[PDB]
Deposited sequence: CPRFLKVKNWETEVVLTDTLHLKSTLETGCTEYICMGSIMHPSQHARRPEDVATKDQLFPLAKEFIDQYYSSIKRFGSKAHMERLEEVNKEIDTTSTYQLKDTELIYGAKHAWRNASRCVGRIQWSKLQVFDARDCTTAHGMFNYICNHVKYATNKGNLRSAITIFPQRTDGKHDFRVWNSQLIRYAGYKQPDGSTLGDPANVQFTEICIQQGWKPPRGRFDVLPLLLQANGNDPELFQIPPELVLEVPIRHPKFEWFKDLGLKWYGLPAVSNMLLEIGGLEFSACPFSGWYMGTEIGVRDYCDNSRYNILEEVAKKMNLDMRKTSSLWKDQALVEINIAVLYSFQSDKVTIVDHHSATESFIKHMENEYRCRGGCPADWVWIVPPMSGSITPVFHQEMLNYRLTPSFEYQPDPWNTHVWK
């Protein structure tokens, strides 16, 4: 059936037809909704229909469905799955597939940009040194001296599952975290385990509060190897406040490049287990989650001190006041340093515009309200009031197991 989504602020109703194209499960049933669950629950035989479906939609998008090129491609893929139990994507198909995995990513508020994605083909890579080279070039290109550019680098697909390419870092650029003798934690507490895996592999930690982790790279199922990203490639921003001159003395910094490296890109039944991709930050990612999550850098109490706020009762909203100032600082700092960043008002506004675009030209836009609504000031952004439908379209970005749980050394 045709499903309707309403905006309760504008009373705009949109009609979703696109959902009729899904086949992958959401996790929900008619009786139980798993909308807030973060991670809900090949062979030649399985591979061809998937390949067939992807090839069909590719030639549908370039308006040549049933064409000779289309027919020959379908035949081509058949013989190759037949004789090798896999197949290789054409360049045009790789690029199409990567852009549409982004386009279909229901948890991403940045998708108005989806067709502007620089795709780096790294499928000829064979070694960790090779991966390091490709990743360094990605970082340099994407960073672009502050004028950030969306990019994805795609390493060889899975074959037998014993020769996977993996970036072991969850993101390309992150700060180390150290368990202190006295029980506390220096740096990013979320990364303590990974940091210690790096130390155990020979990494000499500076034991500072913002130490860029090394890359840990696995090529063709081999033991991973360590590499330091050259520092001039790692763009960082000191955080200061436009009114509070004491804010710089907190000693805060962050990296300019958000780059997810632990996901799996699926295209036409092929699995790309190493596909680091990057964009630019929304301010709240740093200001709210990275800095103020209790399990992260956790700086609210400190900032509240310097603001001289009364912190005895929660109903003074002292946390809320500190939160807003921290996020003002982050936006101000990046902007002052000419580093691309978007505030959550601008981003969610762009997303509503994007949704409208997709409903008109595509018949829908899969979207995960739980992830799209920002972690602060939710209802004064327009996505809070926007009904969204969530469903799974392929090509897609999927989660995969942590490498350190499925790798025989």
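Residues of the deposited sequence lacking C-alpha coordinates, counted from 1, fall in the stretches 1-2, 44-52, 421.
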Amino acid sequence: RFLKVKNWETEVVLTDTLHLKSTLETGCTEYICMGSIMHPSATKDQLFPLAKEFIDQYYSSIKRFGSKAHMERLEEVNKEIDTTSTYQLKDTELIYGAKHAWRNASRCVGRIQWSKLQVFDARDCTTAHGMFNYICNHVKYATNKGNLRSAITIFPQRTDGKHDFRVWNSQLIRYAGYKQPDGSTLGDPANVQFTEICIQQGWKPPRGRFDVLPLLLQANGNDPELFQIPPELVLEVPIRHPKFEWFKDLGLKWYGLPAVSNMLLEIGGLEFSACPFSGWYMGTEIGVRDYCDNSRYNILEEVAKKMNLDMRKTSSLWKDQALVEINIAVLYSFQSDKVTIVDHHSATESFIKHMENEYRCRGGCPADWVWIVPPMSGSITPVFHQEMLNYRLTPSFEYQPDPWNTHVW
From here on, numbers count along this sequence of modelled residues.
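Think of the rigid core as the biggest set of C-alphas that the two forms share within 1.5 Å after superposition.
Here the rigid core sets the fit, and in 8 other deposited structures of this protein the C-alphas of 43-51 stray farther than those of the other stretch, out of 43-51 and 372-380. With 284-292 and 219-227 as candidates, the stretch whose CA atoms show the greater average offset from this form in 8 other deposited structures of this protein after a core fit is 284-292. Per-stretch averaging of Cα B factors for 244-252 and 286-294 places 244-252 on top.
Of the two segments examined, 325-333 and 108-116, it is 325-333 that shows the higher average Cα temperature factor in the deposited entry.
Residue-level inspection of the entry shows that, of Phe351, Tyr359, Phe65, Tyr31, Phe65 has the top Cα B-factor.
Per the PDB entry, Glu75 shows the highest C-alpha temperature factor of the residues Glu232, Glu75, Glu93, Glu271. The deposited CA B-factor of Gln400 belongs to the lowest third of values across its chain. Remark: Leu24 belongs to the highest third of its chain, ranked by C-alpha B-factor as recorded.
When all modelled residues of the chain are sorted by CA temperature factor, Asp121 is found within the lowest third. Sort the modelled residues of the chain by CA B factor and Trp168 lands in the middle third. Sort the modelled residues of the chain by CA B factor and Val12 lands in the highest third.
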